[PDB]
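Heads up, the thing below is written out as structure tokens.
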Amino acid sequence: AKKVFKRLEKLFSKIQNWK
């Protein structure tokens with residue numbers, strides 16, 4: 001569907017892994 005928007009939030013979590 002067009003609700004990949006959720007994956008976007010998961011991307012933010014990736015930032016925490018890099019920090």
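Naming scheme: A, B, ... for chains in displayed order of the structure tokens; residues 1 onward per chain; ligands 1 onward as shown.
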
* List every residue of chain A that DSSP, applied to the backbone of this structure, assigns to helix (DSSP H, G or I), and report them as a ChimeraX atom specification. => /A:5-18
